[PDB]
Amino acid sequence: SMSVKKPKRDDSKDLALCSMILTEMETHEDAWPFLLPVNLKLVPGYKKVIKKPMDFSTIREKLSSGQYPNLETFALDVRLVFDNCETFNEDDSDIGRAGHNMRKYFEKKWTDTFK
């Protein structure tokens, strides 16, 4: 509360560390469904159904331009990518499986880096 603060957790490396995690996600072999925004002209249903599209390139640009106020808003956008994928794709599809694999990969790096 006012003039009463928990001890200051060092957040000075968060930007660099989120960038590293993002590089690792970008270079994973199963990243291909997620590298670029879904083409809303060419994929029926996407625009109407997925209210907040997100992809790794968009996260990379947001990261690079100071549009994440803290590491939790970064994690929210990464998870959004996988949540969108599960919304639109069957579990038993190449894309659906890619999304589960990537979410797993991300959540481990997240825990190991920060928790």
# chains A, B, ... in the order shown; residues from 1 in each chain; ligands from 1
call {"tool": "residues_around", "arguments": {"residues": "residue 107 in chain A", "least_positions_apart": "5", "cutoff": "10 Å", "atoms": "only C-alpha atoms", "output": "VMD selection string"}}
result
chain A and resid 75 78 to 79 102 112 to 113
call {"tool": "write_last_selection", "arguments": {"atoms": "C-alpha atoms", "output": "PDB file, in the first residue's frame"}}
result
ATOM      1  CA  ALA A  75       3.451 -14.367 -21.786  1.00  0.00           C
ATOM      2  CA  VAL A  78       2.510 -16.049 -26.492  1.00  0.00           C
ATOM      3  CA  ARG A  79      -0.345 -18.067 -24.819  1.00  0.00           C
ATOM      4  CA  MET A 102       4.926 -25.301 -28.852  1.00  0.00           C
ATOM      5  CA  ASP A 112      13.042 -22.488 -16.068  1.00  0.00           C
ATOM      6  CA  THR A 113      13.916 -18.913 -16.883  1.00  0.00           C
TER       7      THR A 113
END
call {"tool": "residues_around", "arguments": {"residues": "range 86-95 of chain A", "least_positions_apart": "5", "cutoff": "10 Å", "atoms": "only C-alpha atoms", "output": "number ranges by chain"}}
result
A: 30-34, 45-46, 49-50, 80-81, 100-101
call {"tool": "closest_residue", "arguments": {"among": "A:22, A:28, A:99, A:48", "to": "residue 61 in chain A", "atoms": "only C-alpha atoms"}}
result
A:22
call {"tool": "select_by_dssp", "arguments": {"residues": "range 52-100 of chain A", "states": "helix (DSSP H, G or I)", "output": "VMD selection string"}}
result
chain A and resid 56 to 64 71 to 88 94 to 100
call {"tool": "closest_residue", "arguments": {"among": "A:1, A:56, A:82, A:7", "to": "residue 23 in chain A", "atoms": "only C-alpha atoms"}}
result
A:56
call {"tool": "residues_around", "arguments": {"residues": "residue 106 in chain A", "least_positions_apart": "3", "cutoff": "8 Å", "atoms": "only C-alpha atoms", "output": "PyMOL selection string"}}
result
chain A and resi 21+25+102-103+109-110
call {"tool": "write_last_selection", "arguments": {"atoms": "N, CA, C and O atoms", "output": "JSON list (two decimals), in the first residue's frame"}}
result
[["chain", "number", "residue", "atom", "x", "y", "z"],
["A", 21, "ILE", "N", 13.88, -16.37, -25.28],
["A", 21, "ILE", "CA", 12.84, -17.35, -25.37],
["A", 21, "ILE", "C", 12.12, -17.29, -26.77],
["A", 21, "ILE", "O", 11.83, -18.34, -27.36],
["A", 25, "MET", "N", 11.60, -20.12, -29.71],
["A", 25, "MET", "CA", 10.29, -20.48, -30.26],
["A", 25, "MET", "C", 10.31, -20.29, -31.81],
["A", 25, "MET", "O", 9.89, -21.21, -32.51],
["A", 102, "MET", "N", 4.37, -26.63, -29.10],
["A", 102, "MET", "CA", 4.93, -25.30, -28.85],
["A", 102, "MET", "C", 4.54, -24.69, -27.49],
["A", 102, "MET", "O", 5.38, -23.98, -26.86],
["A", 103, "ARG", "N", 3.35, -24.95, -27.07],
["A", 103, "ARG", "CA", 2.85, -24.44, -25.80],
["A", 103, "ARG", "C", 3.66, -25.12, -24.68],
["A", 103, "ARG", "O", 4.20, -24.47, -23.78],
["A", 109, "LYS", "N", 10.36, -23.35, -20.82],
["A", 109, "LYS", "CA", 11.34, -22.28, -20.88],
["A", 109, "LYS", "C", 10.95, -21.17, -19.93],
["A", 109, "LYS", "O", 11.83, -20.52, -19.38],
["A", 110, "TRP", "N", 9.65, -20.92, -19.82],
["A", 110, "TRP", "CA", 9.13, -19.84, -18.99],
["A", 110, "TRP", "C", 9.43, -20.11, -17.47],
["A", 110, "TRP", "O", 10.02, -19.28, -16.80]]
call {"tool": "residues_around", "arguments": {"residues": "residue 77 in chain A", "least_positions_apart": "5", "cutoff": "12 Å", "atoms": "only C-alpha atoms", "output": "count of residues only"}}
result
23
call {"tool": "atom_distance", "arguments": {"atom1": "CA of residue 105 in chain A", "atom2": "CA of residue 64 in chain A"}}
result
22.1 Å
